[PDB]
Amino acid sequence: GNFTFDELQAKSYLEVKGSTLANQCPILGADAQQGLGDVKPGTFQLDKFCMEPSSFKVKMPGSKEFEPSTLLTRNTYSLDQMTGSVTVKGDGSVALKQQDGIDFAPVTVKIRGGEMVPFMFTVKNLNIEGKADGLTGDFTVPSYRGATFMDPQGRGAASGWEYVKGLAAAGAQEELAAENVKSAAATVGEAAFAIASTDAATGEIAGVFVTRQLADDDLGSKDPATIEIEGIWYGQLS
Amino acid sequence: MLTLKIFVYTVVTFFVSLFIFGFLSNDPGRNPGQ
Amino acid sequence: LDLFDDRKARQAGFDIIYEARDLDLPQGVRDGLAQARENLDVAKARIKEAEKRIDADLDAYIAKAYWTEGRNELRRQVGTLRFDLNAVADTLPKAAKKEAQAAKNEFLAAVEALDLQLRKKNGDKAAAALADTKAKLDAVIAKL
Amino acid sequence: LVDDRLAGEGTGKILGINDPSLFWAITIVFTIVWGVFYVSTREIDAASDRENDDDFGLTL
Amino acid sequence: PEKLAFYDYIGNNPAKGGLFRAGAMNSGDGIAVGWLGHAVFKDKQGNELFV
Amino acid sequence: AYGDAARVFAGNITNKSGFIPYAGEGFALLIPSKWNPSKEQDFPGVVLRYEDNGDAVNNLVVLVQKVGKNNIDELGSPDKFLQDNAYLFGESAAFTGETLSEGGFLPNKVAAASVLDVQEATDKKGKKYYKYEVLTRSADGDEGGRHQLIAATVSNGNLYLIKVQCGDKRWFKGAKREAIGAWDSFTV
Ligand code: CLA
Ligand code: CLA
Ligand SMILES: CCCCCCCCCCCCCCCCCC(=O)OC[C@H](CO[C@@H]1O[C@H](CO)[C@H](O)[C@H](O)[C@H]1O)OC(=O)CCCCCCCCCCCCCCCCC
Ligand SMILES: CC/C=C/C/C=C\C/C=C/CCCCCCCC(=O)O
Ligand SMILES: CC/C=C\C/C=C\C/C=C\CCCCCCCC(=O)O
């Protein structure tokens, strides 16, 4: 980060263009009170909710420990401009729900062995609740590829060949029955958010997040891996 | 990555300066004509 | 397939993109210049909305030092202001339209100065230019 | 962010210089080659057996 | 006869091969062992369909 | 031999309206001249089908089906009539699965139809008509959607229906004129 919302809005597009400052989340100023602060309990309209990751770890299927990864797709992995609702109770319990905005970004990373691991970084339909110390919830992870995506050989779920057109002699291809079927089914993930600062003067919040989800499976043709994503986040309450 | 950029800049400017100052060194006079 | 009721989309302006691409229609109809001249109510409403937006939003953005937002606002909805002013002033007698043209030219010079100051990122100069622009816009609106 | 990069592509810098070290490298190498050429340009001219007057050069 | 049925096969058609597809047709299609039968396709109303 | 001289120095074009009139069994319409006859029967009761030379997506079809009712309104409301005849836009029966990765589509749906306009009107003779205008979109989104124009009526105990299809890509490039002309010329 190292820039606030006012500082970011004080620039020009020609000055931000190319500096990778558009892939980062703003931070709060010195006026921010620690933790929940002095926010009046109630339901607010969430806006400008963004999450900037700071580390990716991959646990390959068959391993019990996460591993570091190297990003391959440059600065395209920040979710931003999400909108929703935030409710604060008198005790201190907070509930966050995400409705719209850019809540998904495909990401590809490489691991120690040399295997690229695509995954679909998303917090779509986020539903978390708990104290300001930590909010535990879940989200839905849509398929990496759509239903109309066609593989190299022209096989897709809702459009494409249902078999291998190259091998004409093999009438049924019972050996290839596994790879001829495509399923773009969705899954779910888990999240653990926290709140570190709050400014009731302008209705701004910030904290950290840790999420766990699954990699892609090439439309049901692979065993997905588990990826842990951690970083910071920011949002505005109004 | 900055070290690689510096090294490449040095190499490129070396070769281009060689080209320029070689073609400035009375090149038209190097012919077999009388 | 599965039916959906979207009959109210046409009332929301669904045919604007299809009419703008109709090569049979004249260029004035495609660009919307013919409709505004035929119906001056749209021009008057656009002028009033542009004035109100200029006042409130320019004050807010210059106060908070939002230069990009200020310039975009100056050319997002106000983008038809010159054409609307010309169309309104063309329906006036010779002397009245001449005075309106002079006032409009002065106002446009004021807006140009304000945009220059916003680009140069000055606060007090931009505020003074904005006050002058508001005064000139009020004068040209009263002239029409 | 996850990693770090120069982040200079598509910016519009003069000769692509984001650090003064590139300027120093360019200037030093150019000056060295120019000085080497400048020392010898007097000897090189004398190989034509002619003086560098107003009529010097390849002319037609 | 199964011979007459086998003669009606585009796999046995000679203009379906390749220049660098070496070997016998048994190396590309497999050794035939039996005739499945004449497949007849019918509509839901009973009308015949032909491929 | 024929003996007919060539039309040299002729300043008149035989046909320039862009349409060719057609006289059928109980109906008449103006078919675009650039279209060709087709041998496809996708819906029950197809008695006429024409498709464009440059694109097979643009086509029209006329259905004459047998019904008991002698009037169109006895088949239900225009919304109910359109709901009953929803097979005219096709079905996603071959796609049997669940998905959540579509752009602007409901879950497990790879196609949708937007009813842009409905209308009920009577001709000069005095026969009621049901006019529809739909835009069907696909998950992949070929041609940027398809425009379906439907006009249905009942005469002598039979339902007469016409559906005119035109891809959006061709629709906004100037081919909407032919489709609208064929749709508006349907007389029974
Ligand atoms: C403090 C920096 C500085 C230095 C070191 C010099 C030095 C020199 N000047 Mg002057 N000059 C300066 C400032 C400086 N100038 C400025 C600001 C102006 C603008 C008005 C001029 C205008 C000027 C003119 C118009 C001319 C000179 C000339 C000369 C050269 C005369 C000796 C020669 O004939 O050898 C022959 C020279 C060589 C074989 C080059 C040998 C390589 C050495 C290392 C050169 C030093 C280069 C560089 C400036 C070093 C910077 C030092 C710093 C990085 C530590 C000599 C290189 C004359 C010259 O010969 O021009 C080429 C000449 O005609 N100067
Ligand atoms: C003159 C014509 C002729 C014909 C029509 C046949 C026909 C047949 N042969 Mg017989 N054969 C011949 C001569 C011929 N043969 C000769 C002269 C020999 C002695 C070497 C053999 C030895 C022989 C063996 C050992 C076998 C056959 C088999 C077969 C059958 C398989 C065909 C095949 O796969 O070829 C495919 C041929 C090619 C891909 C080469 C075509 C030439 C291309 C266009 C150019 C290559 C040139 C280039 C410079 C090569 C560079 C080499 C390097 C770069 C790798 C087929 C019925 C096979 C079989 O089924 O047996 C039961 C088998 O196993 N043949
Ligand atoms: C102008 C003096 C010429 C003197 C004689 C020269 C003779 C020929 C010498 C060789 C030339 C070819 C090789 C050059 C290699 C080095 C350059 C290079 O790779 O730069 C590549 C670099 C790329 O710089 C990039 O910049 C990015 C940010 O913008 C990032 O920082 C990148 O990291 C960085 O690499 O570009 C430059 O250095 C810009 C050069 C601008 C040159 C302007 C010349 C103006 C005067 C001439 C106008 C006409 C020119 C021709 C137009 C028509 C052509 C059909
Ligand atoms: C004088 C000319 C020199 C010739 C020497 C020849 C080849 C040297 C090649 C250099 C290219 C290196 C590319 C990789 C740099 C390191 C990248 C990294 O950070 O891992
Ligand atoms: C002895 C004094 C005489 C002459 C010296 C005069 C001027 C020197 C000025 C500048 C030298 C450094 C130039 C740096 C260029 C920009 C580098 C960058 O963009 O980082």
# chains A, B, ... in the order shown; residues from 1 in each chain; ligands from 1
call {"tool": "residues_around", "arguments": {"residues": "segment 175-188 of chain A", "least_positions_apart": "3", "cutoff": "8 Å", "atoms": "only C-alpha atoms", "output": "number ranges by chain"}}
result
A: 138-143, 145-147, 155-157, 162-164, 213, 219-221; F: 97-101
call {"tool": "write_last_selection", "arguments": {"atoms": "N, CA, C and O atoms", "output": "tab-separated table (two decimals), in the first residue's frame"}}
result
chain	number	residue	atom	x	y	z
A	138	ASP	N	-17.31	-18.39	4.71
A	138	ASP	CA	-17.10	-19.21	3.53
A	138	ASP	C	-17.50	-18.43	2.30
A	138	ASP	O	-18.18	-17.40	2.38
A	139	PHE	N	-17.08	-18.93	1.14
A	139	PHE	CA	-17.43	-18.33	-0.14
A	139	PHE	C	-17.50	-19.42	-1.19
A	139	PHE	O	-17.00	-20.53	-0.99
A	140	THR	N	-18.15	-19.11	-2.31
A	140	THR	CA	-18.28	-20.04	-3.42
A	140	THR	C	-17.19	-19.78	-4.45
A	140	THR	O	-16.87	-18.63	-4.77
A	141	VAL	N	-16.60	-20.86	-4.95
A	141	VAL	CA	-15.53	-20.77	-5.94
A	141	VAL	C	-16.04	-21.32	-7.27
A	141	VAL	O	-16.14	-22.54	-7.44
A	142	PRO	N	-16.37	-20.46	-8.23
A	142	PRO	CA	-16.83	-20.96	-9.53
A	142	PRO	C	-15.72	-21.67	-10.28
A	142	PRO	O	-14.54	-21.57	-9.94
A	143	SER	N	-16.12	-22.41	-11.30
A	143	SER	CA	-15.16	-23.15	-12.10
A	143	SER	C	-14.21	-22.20	-12.81
A	143	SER	O	-14.60	-21.10	-13.23
A	145	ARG	N	-12.85	-22.56	-15.74
A	145	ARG	CA	-13.27	-22.46	-17.13
A	145	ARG	C	-14.79	-22.50	-17.22
A	145	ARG	O	-15.46	-23.16	-16.42
A	146	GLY	N	-15.33	-21.79	-18.20
A	146	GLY	CA	-16.76	-21.78	-18.43
A	146	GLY	C	-17.25	-23.06	-19.07
A	146	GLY	O	-16.50	-23.97	-19.41
A	147	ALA	N	-18.58	-23.12	-19.23
A	147	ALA	CA	-19.18	-24.31	-19.83
A	147	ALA	C	-18.93	-24.38	-21.33
A	147	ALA	O	-18.90	-25.48	-21.90
A	155	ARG	N	-13.23	-30.28	-27.47
A	155	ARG	CA	-14.18	-30.93	-26.58
A	155	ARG	C	-14.58	-29.95	-25.48
A	155	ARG	O	-13.72	-29.42	-24.78
A	156	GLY	N	-15.89	-29.73	-25.33
A	156	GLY	CA	-16.39	-28.83	-24.32
A	156	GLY	C	-17.63	-29.40	-23.66
A	156	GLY	O	-18.15	-30.44	-24.06
A	157	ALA	N	-18.10	-28.69	-22.63
A	157	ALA	CA	-19.27	-29.14	-21.89
A	157	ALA	C	-20.56	-28.83	-22.64
A	157	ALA	O	-21.34	-29.74	-22.95
A	162	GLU	N	-18.02	-34.55	-28.47
A	162	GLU	CA	-18.15	-35.43	-27.32
A	162	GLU	C	-17.15	-36.58	-27.34
A	162	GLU	O	-17.21	-37.45	-26.47
A	163	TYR	N	-16.25	-36.60	-28.31
A	163	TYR	CA	-15.25	-37.66	-28.44
A	163	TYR	C	-14.02	-37.08	-29.11
A	163	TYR	O	-13.93	-35.87	-29.37
A	164	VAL	N	-13.06	-37.95	-29.40
A	164	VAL	CA	-11.84	-37.57	-30.11
A	164	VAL	C	-12.08	-37.78	-31.60
A	164	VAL	O	-12.15	-38.91	-32.07
A	213	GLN	N	-8.77	-22.35	-0.53
A	213	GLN	CA	-9.65	-22.81	-1.59
A	213	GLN	C	-8.92	-23.87	-2.40
A	213	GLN	O	-7.87	-24.38	-1.99
A	219	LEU	N	-11.89	-28.84	-15.86
A	219	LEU	CA	-13.26	-29.32	-16.04
A	219	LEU	C	-13.39	-30.79	-15.63
A	219	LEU	O	-13.85	-31.64	-16.39
A	220	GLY	N	-12.97	-31.08	-14.40
A	220	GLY	CA	-13.12	-32.41	-13.85
A	220	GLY	C	-12.17	-33.45	-14.38
A	220	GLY	O	-12.48	-34.64	-14.33
A	221	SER	N	-11.01	-33.04	-14.89
A	221	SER	CA	-10.02	-33.96	-15.42
A	221	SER	C	-8.74	-33.98	-14.60
A	221	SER	O	-7.71	-34.47	-15.07
F	97	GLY	N	-25.91	-30.69	-16.95
F	97	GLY	CA	-24.90	-30.47	-15.93
F	97	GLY	C	-25.18	-29.19	-15.18
F	97	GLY	O	-26.10	-28.43	-15.51
F	98	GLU	N	-24.37	-28.96	-14.15
F	98	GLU	CA	-24.48	-27.78	-13.30
F	98	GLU	C	-23.25	-26.90	-13.49
F	98	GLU	O	-22.12	-27.40	-13.54
F	99	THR	N	-23.48	-25.59	-13.60
F	99	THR	CA	-22.38	-24.66	-13.81
F	99	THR	C	-22.70	-23.35	-13.10
F	99	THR	O	-23.86	-23.02	-12.83
F	100	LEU	N	-21.63	-22.60	-12.80
F	100	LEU	CA	-21.77	-21.28	-12.19
F	100	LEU	C	-20.80	-20.28	-12.81
F	100	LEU	O	-20.48	-19.27	-12.18
F	101	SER	N	-20.34	-20.53	-14.03
F	101	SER	CA	-19.31	-19.70	-14.65
F	101	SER	C	-19.81	-19.09	-15.96
F	101	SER	O	-19.10	-19.11	-16.97
call {"tool": "residues_near_ligand", "arguments": {"ligand": "ligand 5", "cutoff": "9 Å", "atoms": "only C-alpha atoms and all ligand atoms", "output": "PyMOL selection string"}}
result
chain D and resi 13-14+17-24
call {"tool": "residues_near_ligand", "arguments": {"ligand": "ligand 3", "cutoff": "10 Å", "atoms": "only C-alpha atoms and all ligand atoms", "output": "ChimeraX atom specification"}}
result
/A:18 /B:1-2,5,8-9,12-13,15-21,23 /D:6-19
call {"tool": "write_last_selection", "arguments": {"atoms": "C-alpha atoms", "output": "CSV table (one decimal), in the first residue's frame"}}
result
chain,number,residue,atom,x,y,z
A,18,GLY,CA,2.2,1.7,-15.5
B,1,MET,CA,17.3,-7.0,-12.8
B,2,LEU,CA,18.8,-3.5,-12.6
B,5,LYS,CA,19.8,-3.4,-17.5
B,8,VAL,CA,23.0,-4.2,-21.5
B,9,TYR,CA,23.0,-0.4,-21.7
B,12,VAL,CA,24.7,-1.3,-26.5
B,13,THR,CA,26.2,2.1,-26.1
B,15,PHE,CA,28.8,-0.9,-29.9
B,16,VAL,CA,26.8,2.0,-31.2
B,17,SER,CA,29.6,4.5,-30.3
B,18,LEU,CA,32.1,2.2,-32.1
B,19,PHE,CA,29.8,2.3,-35.1
B,20,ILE,CA,29.3,6.1,-35.1
B,21,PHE,CA,33.0,7.0,-34.5
B,23,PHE,CA,32.0,5.9,-39.7
D,6,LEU,CA,11.1,-2.6,-11.9
D,7,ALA,CA,7.7,-1.4,-13.1
D,8,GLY,CA,8.8,0.9,-15.9
D,9,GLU,CA,7.3,-0.4,-19.1
D,10,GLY,CA,4.8,1.9,-20.8
D,11,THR,CA,5.8,5.0,-18.8
D,12,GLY,CA,7.5,7.3,-21.3
D,13,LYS,CA,10.9,8.0,-19.8
D,14,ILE,CA,13.7,9.8,-21.6
D,15,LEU,CA,15.9,7.0,-23.2
D,16,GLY,CA,14.3,4.6,-20.7
D,17,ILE,CA,16.4,6.0,-17.8
D,18,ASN,CA,14.8,5.3,-14.4
D,19,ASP,CA,18.1,5.3,-12.5
call {"tool": "residues_around", "arguments": {"residues": "residue 40 of chain D", "least_positions_apart": "4", "cutoff": "12 Å", "atoms": "only C-alpha atoms", "output": "PyMOL selection string"}}
result
(chain B and resi 21-22+24-26) or (chain D and resi 33-36+44-47)
call {"tool": "interface_residues", "arguments": {"of": "chain A", "to": "chain D", "cutoff": "10 Å", "atoms": "only C-alpha atoms", "output": "short mmCIF file (atom, residue, chain, number, x, y, z; two decimals) with N, CA and C atoms, in the first residue's frame"}}
result
data_model
loop_
_atom_site.label_atom_id
_atom_site.label_comp_id
_atom_site.auth_asym_id
_atom_site.auth_seq_id
_atom_site.Cartn_x
_atom_site.Cartn_y
_atom_site.Cartn_z
N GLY A 1 0.80 -1.21 0.00
CA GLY A 1 0.00 0.00 0.00
C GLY A 1 0.83 1.26 0.00
N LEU A 14 -2.79 9.23 -15.97
CA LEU A 14 -1.50 9.18 -16.65
C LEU A 14 -0.33 9.05 -15.68
N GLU A 15 -0.51 9.45 -14.43
CA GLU A 15 0.53 9.29 -13.42
C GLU A 15 0.48 7.94 -12.74
N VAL A 16 -0.71 7.33 -12.64
CA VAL A 16 -0.81 6.01 -12.04
C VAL A 16 -0.54 4.92 -13.07
N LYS A 17 -0.75 5.21 -14.36
CA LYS A 17 -0.63 4.20 -15.40
C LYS A 17 0.80 3.67 -15.49
N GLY A 18 0.94 2.35 -15.37
CA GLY A 18 2.22 1.70 -15.52
C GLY A 18 3.04 1.57 -14.25
N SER A 19 2.61 2.18 -13.15
CA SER A 19 3.36 2.16 -11.91
C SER A 19 2.92 1.06 -10.95
N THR A 20 1.98 0.21 -11.37
CA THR A 20 1.45 -0.89 -10.56
C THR A 20 0.80 -0.40 -9.26
N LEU A 21 0.43 0.88 -9.19
CA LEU A 21 -0.28 1.39 -8.03
C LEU A 21 -1.78 1.12 -8.09
N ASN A 23 -3.00 -1.84 -8.58
CA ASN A 23 -3.16 -3.19 -8.06
C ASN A 23 -2.92 -3.25 -6.55
N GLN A 24 -3.18 -2.16 -5.84
CA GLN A 24 -2.92 -2.10 -4.41
C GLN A 24 -4.10 -1.46 -3.71
N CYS A 25 -4.24 -1.78 -2.42
CA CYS A 25 -5.31 -1.28 -1.58
C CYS A 25 -4.82 -0.14 -0.70
N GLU A 52 -5.88 -7.12 -1.22
CA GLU A 52 -4.62 -7.23 -1.93
C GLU A 52 -3.79 -8.37 -1.35
N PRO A 53 -3.62 -9.48 -2.05
CA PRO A 53 -2.83 -10.59 -1.51
C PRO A 53 -1.36 -10.23 -1.38
N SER A 54 -0.69 -10.92 -0.46
CA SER A 54 0.74 -10.72 -0.25
C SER A 54 1.54 -12.01 -0.22
N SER A 55 0.91 -13.17 -0.38
CA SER A 55 1.62 -14.44 -0.43
C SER A 55 0.69 -15.52 -0.94
N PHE A 56 1.23 -16.44 -1.73
CA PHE A 56 0.51 -17.61 -2.22
C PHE A 56 1.28 -18.86 -1.84
N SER A 69 5.37 -20.36 -3.84
CA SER A 69 5.11 -20.34 -5.28
C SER A 69 5.57 -19.02 -5.87
N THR A 70 5.84 -19.04 -7.17
CA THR A 70 6.24 -17.85 -7.92
C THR A 70 5.14 -17.48 -8.91
N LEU A 71 4.69 -16.23 -8.85
CA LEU A 71 3.62 -15.77 -9.72
C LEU A 71 4.10 -15.64 -11.16
N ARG A 74 1.71 -11.63 -13.54
CA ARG A 74 1.90 -10.21 -13.28
C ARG A 74 0.81 -9.63 -12.38
N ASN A 75 0.62 -8.31 -12.45
CA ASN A 75 -0.23 -7.58 -11.49
C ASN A 75 -1.68 -7.59 -11.96
N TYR A 77 -4.01 -9.65 -9.77
CA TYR A 77 -4.53 -10.54 -8.74
C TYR A 77 -5.15 -9.80 -7.56
N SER A 78 -5.67 -8.60 -7.78
CA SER A 78 -6.28 -7.82 -6.71
C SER A 78 -7.76 -7.64 -6.99
N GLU A 230 -3.07 -15.09 1.71
CA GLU A 230 -3.10 -14.16 2.82
C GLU A 230 -2.67 -12.78 2.35
N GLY A 231 -3.15 -11.75 3.05
CA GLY A 231 -2.84 -10.39 2.66
C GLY A 231 -3.65 -9.40 3.47
N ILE A 232 -3.75 -8.18 2.95
CA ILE A 232 -4.46 -7.10 3.62
C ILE A 232 -5.76 -6.82 2.87
#
call {"tool": "residues_near_ligand", "arguments": {"ligand": "ligand 2", "cutoff": "6 Å", "atoms": "only C-alpha atoms and all ligand atoms", "output": "number ranges by chain"}}
result
E: 19-20, 22-24
call {"tool": "write_last_selection", "arguments": {"atoms": "N, CA and C atoms", "output": "PDB file, in the first residue's frame"}}
result
ATOM      1  N   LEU E  19       0.028 -41.639 -45.856  1.00  0.00           N
ATOM      2  CA  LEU E  19       1.317 -41.913 -46.477  1.00  0.00           C
ATOM      3  C   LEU E  19       2.318 -42.475 -45.479  1.00  0.00           C
ATOM      4  N   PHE E  20       2.254 -42.040 -44.223  1.00  0.00           N
ATOM      5  CA  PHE E  20       3.196 -42.470 -43.198  1.00  0.00           C
ATOM      6  C   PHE E  20       2.506 -43.276 -42.104  1.00  0.00           C
ATOM      7  N   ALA E  22       2.237 -46.713 -41.387  1.00  0.00           N
ATOM      8  CA  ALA E  22       2.849 -47.966 -41.796  1.00  0.00           C
ATOM      9  C   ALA E  22       2.110 -49.162 -41.202  1.00  0.00           C
ATOM     10  N   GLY E  23       2.264 -50.305 -41.857  1.00  0.00           N
ATOM     11  CA  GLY E  23       1.716 -51.553 -41.369  1.00  0.00           C
ATOM     12  C   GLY E  23       0.400 -51.926 -42.022  1.00  0.00           C
ATOM     13  N   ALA E  24      -0.169 -53.015 -41.513  1.00  0.00           N
ATOM     14  CA  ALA E  24      -1.444 -53.537 -41.973  1.00  0.00           C
ATOM     15  C   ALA E  24      -2.599 -52.773 -41.332  1.00  0.00           C
TER      16      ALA E  24
END
call {"tool": "interface_residues", "arguments": {"of": "chain D", "to": "chain B", "cutoff": "7 Å", "atoms": "only C-alpha atoms", "output": "PyMOL selection string"}}
result
chain D and resi 22+25-26+29-30+33+37+41+45+58
call {"tool": "residues_around", "arguments": {"residues": "segment 55-65 of chain C", "least_positions_apart": "4", "cutoff": "7 Å", "atoms": "only C-alpha atoms", "output": "JSON, numbers by chain"}}
result
{"A": [10], "C": [51, 69, 70, 123, 127, 134]}
call {"tool": "write_last_selection", "arguments": {"atoms": "N, CA and C atoms", "output": "compact mmCIF listing (two decimals), in the first residue's frame"}}
result
# COMPACT_ATOMS: atom_id res chain seq x y z
N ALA A 10 -5.85 11.93 -5.44
CA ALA A 10 -5.19 13.17 -5.80
C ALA A 10 -4.30 13.04 -7.03
N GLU C 51 -25.69 23.08 -15.13
CA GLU C 51 -25.39 24.17 -14.21
C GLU C 51 -25.36 23.68 -12.77
N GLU C 69 -11.32 13.79 -11.04
CA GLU C 69 -12.78 13.76 -10.91
C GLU C 69 -13.39 15.08 -11.36
N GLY C 70 -12.75 16.20 -11.01
CA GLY C 70 -13.27 17.49 -11.41
C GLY C 70 -13.29 17.67 -12.91
N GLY C 123 -5.02 25.27 -6.13
CA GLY C 123 -6.22 25.30 -5.31
C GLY C 123 -6.93 26.63 -5.31
N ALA C 127 -10.19 27.70 -7.45
CA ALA C 127 -11.39 28.16 -6.76
C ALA C 127 -11.87 29.50 -7.31
N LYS C 134 -18.95 30.14 -12.46
CA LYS C 134 -20.33 30.09 -11.99
C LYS C 134 -21.05 31.40 -12.26
call {"tool": "select_by_dssp", "arguments": {"residues": "chain C", "states": "helix (DSSP H, G or I)", "output": "VMD selection string"}}
result
chain C and resid 10 to 12 16 to 20 27 to 31 33 to 38 40 to 64 67 to 74 78 to 89 94 to 120 124 to 143
call {"tool": "atom_distance", "arguments": {"atom1": "atom CA of residue 33 of chain A", "atom2": "atom CA of residue 233 of chain A"}}
result
16.3 Å
call {"tool": "interface_residues", "arguments": {"of": "chain C", "to": "chain A", "cutoff": "7 Å", "atoms": "only C-alpha atoms", "output": "ChimeraX atom specification"}}
result
/C:65-68
call {"tool": "interface_residues", "arguments": {"of": "chain E", "to": "chain A", "cutoff": "10 Å", "atoms": "only C-alpha atoms", "output": "VMD selection string"}}
result
chain E and resid 10 to 11 28 to 30
call {"tool": "atom_distance", "arguments": {"atom1": "atom CA of residue 88 of chain F", "atom2": "atom CA of residue 140 of chain F"}}
result
19.8 Å
call {"tool": "interface_residues", "arguments": {"of": "chain F", "to": "chain C", "cutoff": "7 Å", "atoms": "only C-alpha atoms", "output": "ChimeraX atom specification"}}
result
/F:86-87,89-91,111-117,172,174
call {"tool": "select_by_dssp", "arguments": {"residues": "segment 80-224 of chain A", "states": "strand (DSSP E)", "output": "VMD selection string"}}
result
chain A and resid 80 to 88 94 to 102 104 to 110 116 to 122 127 to 131 134 to 141 187 to 199 204 to 214
call {"tool": "residues_around", "arguments": {"residues": "residue 36 of chain E", "least_positions_apart": "3", "cutoff": "10 Å", "atoms": "only C-alpha atoms", "output": "CSV table (one decimal) with N, CA and C atoms, in the first residue's frame"}}
result
chain,number,residue,atom,x,y,z
E,2,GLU,N,-21.2,-62.9,-42.9
E,2,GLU,CA,-20.3,-62.0,-42.3
E,2,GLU,C,-19.3,-61.4,-43.3
E,33,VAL,N,-13.5,-59.6,-35.0
E,33,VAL,CA,-13.8,-60.9,-34.5
E,33,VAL,C,-15.3,-61.2,-34.6
E,39,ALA,N,-27.8,-52.2,-37.2
E,39,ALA,CA,-28.4,-51.2,-36.3
E,39,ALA,C,-29.5,-50.5,-37.0
call {"tool": "atom_distance", "arguments": {"atom1": "atom CA of residue 156 of chain F", "atom2": "atom CA of residue 65 of chain F"}}
result
11.1 Å
call {"tool": "decode", "arguments": {"residues": "segment 1-31 of chain B", "atoms": "C-alpha atoms", "output": "PDB file, in the first residue's frame"}}
result
ATOM      1  CA  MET B   1      17.289  -6.981 -12.801  1.00  0.00           C
ATOM      2  CA  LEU B   2      18.756  -3.482 -12.616  1.00  0.00           C
ATOM      3  CA  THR B   3      22.269  -4.924 -12.936  1.00  0.00           C
ATOM      4  CA  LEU B   4      21.247  -6.665 -16.161  1.00  0.00           C
ATOM      5  CA  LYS B   5      19.780  -3.407 -17.475  1.00  0.00           C
ATOM      6  CA  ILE B   6      22.997  -1.528 -16.659  1.00  0.00           C
ATOM      7  CA  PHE B   7      25.150  -4.197 -18.325  1.00  0.00           C
ATOM      8  CA  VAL B   8      23.000  -4.244 -21.469  1.00  0.00           C
ATOM      9  CA  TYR B   9      22.972  -0.438 -21.653  1.00  0.00           C
ATOM     10  CA  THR B  10      26.768  -0.379 -21.393  1.00  0.00           C
ATOM     11  CA  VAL B  11      27.183  -3.004 -24.125  1.00  0.00           C
ATOM     12  CA  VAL B  12      24.706  -1.345 -26.496  1.00  0.00           C
ATOM     13  CA  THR B  13      26.182   2.129 -26.089  1.00  0.00           C
ATOM     14  CA  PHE B  14      29.696   0.716 -26.546  1.00  0.00           C
ATOM     15  CA  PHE B  15      28.828  -0.910 -29.866  1.00  0.00           C
ATOM     16  CA  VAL B  16      26.784   2.042 -31.151  1.00  0.00           C
ATOM     17  CA  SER B  17      29.564   4.494 -30.263  1.00  0.00           C
ATOM     18  CA  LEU B  18      32.056   2.246 -32.057  1.00  0.00           C
ATOM     19  CA  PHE B  19      29.811   2.300 -35.138  1.00  0.00           C
ATOM     20  CA  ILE B  20      29.348   6.087 -35.100  1.00  0.00           C
ATOM     21  CA  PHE B  21      32.973   7.028 -34.469  1.00  0.00           C
ATOM     22  CA  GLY B  22      34.188   4.484 -36.999  1.00  0.00           C
ATOM     23  CA  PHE B  23      31.991   5.877 -39.732  1.00  0.00           C
ATOM     24  CA  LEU B  24      33.165   9.375 -38.744  1.00  0.00           C
ATOM     25  CA  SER B  25      36.850   8.432 -39.212  1.00  0.00           C
ATOM     26  CA  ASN B  26      37.392   9.408 -42.863  1.00  0.00           C
ATOM     27  CA  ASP B  27      35.415   6.447 -44.170  1.00  0.00           C
ATOM     28  CA  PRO B  28      34.990   7.718 -47.786  1.00  0.00           C
ATOM     29  CA  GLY B  29      38.769   7.630 -48.228  1.00  0.00           C
ATOM     30  CA  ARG B  30      39.015   3.843 -47.802  1.00  0.00           C
ATOM     31  CA  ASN B  31      38.508   2.775 -51.411  1.00  0.00           C
TER      32      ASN B  31
END
